[PDB]
């Protein structure tokens, strides 16, 4: 298989959410497709709110890709029914350290609700859980193979 799974998140406003993931999660490789100036009327909006709208976006946190789009009033509010789990090899030093740097910047941040602090687990590995201000529940899992 060359197939891959991406979560596809419906935000109230993706332009804003992408600025937030850039600033607080250190997201990189951000790509946004804004609603076009002449597609505005088709989505039922003014040229002005079309430039604040997103048809499709993607970003990368910790080397993994997340997809998103504006809700446009069609999608349910983001909850914790489906969480985003980022799994890494504790023995891949280069990713083990991106993860520690990432959690360090994240743990105390005002918009972040720590559910389980990122720490070594009795049976092996590291696990941490937290929910961002959009309501996305993130799970950090470090495994030793």
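Numbering follows the first chain given and starts at 1.
Compare the mean C-alpha B-factor of 93-101 with that of 79-87 as given in the PDB entry, and name the stretch with the higher value. According to the entry, 93-101 carries the higher average C-alpha B-factor.
Per the entry, where is the mean C-alpha temperature factor higher: 39-47 or 26-34? Stretch with the higher mean C-alpha B-factor: 39-47.
Against its chain's modelled residues, does residue 123's Cα B factor rank lowest, middle or highest third? Its C-alpha B-factor, which the entry lists for residue 123, ranks in the highest third among residues of this chain.
Going by the recorded CA B-factors, say which third of the chain residue 106 sits in, lowest, middle or highest. CA B-factor rank for residue 106: highest third.
Once the chain's modelled residues are ordered by C-alpha B factor and cut into thirds, is residue 52 in the lowest, middle or highest one? Top third by C-alpha B-factor.
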